[PDB]
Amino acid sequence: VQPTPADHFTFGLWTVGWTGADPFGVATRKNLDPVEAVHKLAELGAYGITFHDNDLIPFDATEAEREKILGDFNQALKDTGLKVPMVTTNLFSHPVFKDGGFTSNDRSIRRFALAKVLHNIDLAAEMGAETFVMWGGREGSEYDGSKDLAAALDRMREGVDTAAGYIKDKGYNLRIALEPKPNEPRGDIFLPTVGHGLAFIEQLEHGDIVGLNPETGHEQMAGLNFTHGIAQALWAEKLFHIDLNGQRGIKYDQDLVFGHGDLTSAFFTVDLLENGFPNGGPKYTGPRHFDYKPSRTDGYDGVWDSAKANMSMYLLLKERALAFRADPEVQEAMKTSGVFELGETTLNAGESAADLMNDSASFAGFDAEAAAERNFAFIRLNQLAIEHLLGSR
């Protein structure tokens, strides 16, 4: 292992700072000081730290307290060299956000959420963040008639497009990244998966600077294939940031360390981030952000153990995935299975729809029964990936 700043491992302040309060209990750990957080993270090899406004500045802080807090925060960063690649806003914890921020049924709450976002964009720019994340955790319902579903999407669009136009207007060097989640805390959250968030961006006025922030556990809560979903985000040129962690099944958001959930899927997620596609195409080159929470049963030694473990897991997987694609038995297994063949266009250069209809050999004279005998050998190809993952090859 041994991580270093060129690995681009970023951690949020609320991950290691998570004190243990869940739905059935109180915090099991003492609050973590943010200057301490910076120092410890930089000592482990992180490249940067991210935060929610209220993670650093209390909802209630006076103007004087904000500047005291920020001064110490900026010095620590200076002292350590940590960057601040992403900033986000808390629009879910205070009781006023109980029906949402942007899609709140109450118009005056909608304005208060939008103004909270606009000011946070100014702090984002001041920190040097390149990405502004939006997780609409209270946007949704428990009951289907609680909302006008079309109106709720117009209210999401107005917030996002107002914030985008403000970036554009001030010339900040920022992009917005929406973060999908199917449920929790709302029974149903608007833009529940990667797909829904991607579709939504194409209806915006300022869509050009809006992309996604997929999170491993979140798509797994709908039982979806995380690698498939980020592949589609990537393919669309919309993969602006990523949140890595672990989930074991369809249940509450667990936020385990990356690799302590669905292991095989974590492997293939690292193969796509690191290696990209077999035939060539787009590559994700942003930071590798860890959005997890250290288990409440463990003390502060577990908090720092857990932060090291995110980084170890990703470097271990990376290693096995570089060996796997490099392996000449794998390259030949891939060629047998048609992996490279999928990269050839279906139509010949210049062929038209009529052309192919009239080509006797692709339809009228085609031997469907003989084409069906092909052994794709997908099981053998899967067996080679796992043996590479078990460090057996």
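Residue positions are given as counts along the sequence shown, with the first one as 1.
- Note on 108-116 vs 246-254: mean CA B-factor is higher in 108-116.
- Looking at mean Cα B-factors across 234-242 and 122-130, the upper value is held by 122-130.
- Highest CA B-factor among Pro182, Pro294, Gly171, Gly136, as stated in the entry: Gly171.
- Taking only the listed residues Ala150, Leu77, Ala164, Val270, the entry reports the highest CA temperature factor at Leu77.
- Ranked against the other modelled residues of its chain, the C-alpha B-factor of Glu205 as given in the entry falls in the highest third.
- Among all modelled residues in its chain, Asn275 ranks in the middle third by Cα B-factor.
- The entry lists a Cα temperature factor for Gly259 that places it in the lowest third of the chain's modelled residues.
- When the modelled residues of the chain are ordered by their C-alpha B factor, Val339 lands in the lowest third.
- Sort the chain's modelled residues by C-alpha temperature factor and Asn382 lands in the lowest third, per the entry.
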